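Next up: a single chain in structure tokens, the form deposited in one PDB entry.
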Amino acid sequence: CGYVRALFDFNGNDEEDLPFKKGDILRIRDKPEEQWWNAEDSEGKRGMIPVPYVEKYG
């Protein structure tokens, strides 16, 4: 219920979007766009995360 998970490790590492990893945890915070939303990683880093690269956990 407002949580996603990345099932793929990305290479990119822009100084704007948070980096993802295989089997990473990312919480949903705000979904302004229709592809990348602002999710809070499991590190407290709140940035844009892909909805496709991730999955609906809860």
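Don't overthink the numbering: it's just position in the shown sequence, from 1.
Just so it is clear, the following notes concern the form deposited with a partner chain bound, a form of the same protein that is not shown.
Shown alone here, residue 19 lies farther than 4.5 Å from its partner chain in the entry with it bound, counting heavy atoms only.
Shown alone here, residue 57 lies farther than 4.5 Å from its partner chain in the entry with it bound, counting heavy atoms only. Residue contact with its partner chain in the entry with it bound: residue 9 places a heavy atom within 4.5 Å of it.
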